[PDB]
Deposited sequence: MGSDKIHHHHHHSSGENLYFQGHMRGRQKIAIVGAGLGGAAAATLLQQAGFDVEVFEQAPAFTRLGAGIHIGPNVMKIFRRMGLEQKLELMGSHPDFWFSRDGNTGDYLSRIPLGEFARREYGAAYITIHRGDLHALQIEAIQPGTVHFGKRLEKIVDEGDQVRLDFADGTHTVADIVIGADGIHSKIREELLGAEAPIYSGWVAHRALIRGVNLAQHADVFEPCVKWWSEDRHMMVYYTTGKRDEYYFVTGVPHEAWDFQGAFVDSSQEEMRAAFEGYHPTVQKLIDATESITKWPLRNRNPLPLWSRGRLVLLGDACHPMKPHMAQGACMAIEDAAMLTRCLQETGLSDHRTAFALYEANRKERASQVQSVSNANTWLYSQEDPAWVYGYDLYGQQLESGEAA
């Protein structure tokens, strides 16, 4: 009995690792010709560190990541503190694991290196879908008993199931890494204004590398673009823009379709399953939660009963996914002094299936 995973992103690589460690036969097929360490940071909450704990990766991630004492929300124009969300040791004791911000590329490499060698295949772009046959752009094919669609917002699995999907992006994310101003650079801060924001944090425990990602109404960017976009923001933000060397700009969708969890022998996770706006910045975390829950369900039913496994998987994920959807719709996440326990203290492995 064979599982094929389409996409070796954070969601698909986590599923591969968890499913192989559960003793299942798994191969992963990734379209990219090569592996790239994304030059970006990422947030990993305690709820997902407990999943990395099951993989055996939690201790390594703690050594690599920055452990902010607080998440600060600050008014972009005034620098007023809108929220001082306690993390650090409090997070460790209250939620049962660390909150970290980490180099996304190095996390991603570590995650793929946890997969069994010789089971991850690059340059395998899925072009078409008892059993499931997968046809790849390079002319080869493979077969499996179930297929996991972890192929992101442009999922081919989703497209094969539902058709073409209607076509637009009126906002972007600027991303930059910064490597004199350390006294005013807090380890995890979100600067807000009425229609845009900048999220800033360190990528490592060394704190020698400081990352920002924005969301702004709207390839290589430039400092002139950043300055106009953030005209009026606090001196700290201007110093960040001034300290950049290279800035890139990424398009964000104005809308997303409704969740698709499974159909027949095909099951979906992460952005392929429940794409949504990155307001909360928990999408990768939700992808890894999907992988962990899906693994728990296939562990209950075995692969011979994939229909029950897929039903249990949707049943045990749809409410939490829907909560994240509605909070991210409000676009209020940590804007005020709120209790984040429902996200960070969530106990994925204690949930009765």
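Coordinate coverage of the deposited sequence breaks at 1-27, 157-160, 199, 212-216, 256-264, 400-405, these segments carrying no C-alpha atoms.
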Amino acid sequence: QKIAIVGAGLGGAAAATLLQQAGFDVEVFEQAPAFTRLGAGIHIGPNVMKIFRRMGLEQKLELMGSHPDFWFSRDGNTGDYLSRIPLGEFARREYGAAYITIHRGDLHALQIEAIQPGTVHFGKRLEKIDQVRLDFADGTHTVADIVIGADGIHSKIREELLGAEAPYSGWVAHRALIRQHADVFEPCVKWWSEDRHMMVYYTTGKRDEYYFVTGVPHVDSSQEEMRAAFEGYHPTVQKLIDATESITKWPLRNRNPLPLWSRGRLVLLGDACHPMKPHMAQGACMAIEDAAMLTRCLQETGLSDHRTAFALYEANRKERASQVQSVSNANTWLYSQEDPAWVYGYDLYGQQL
From here on, numbers count along this sequence of modelled residues.
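Of the two stretches examined, 324-332 and 54-62, the record assigns the greater average C-alpha temperature factor to 324-332. Remark: stretch with higher mean C-alpha B factor among 313-321 and 284-292 is 313-321. Considering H121, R265, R227, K190 together, the PDB entry gives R227 the largest C-alpha B factor. Across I100, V219, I148, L110, the greatest Cα temperature factor reported in the deposited entry is at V219. Placement of the Cα temperature factor of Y95 within the chain: middle third of the modelled residues, per the deposited record.
Compared with the other modelled residues of the chain, the Cα B-factor recorded for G302 ranks in the middle third. Compared with the other modelled residues of the chain, the Cα B-factor recorded for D183 ranks in the highest third. In the PDB entry, a CA B factor belonging to the lowest third of its chain's modelled residues is recorded for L19. Per-chain ranking of the deposited C-alpha B factor places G105 in the lowest third.
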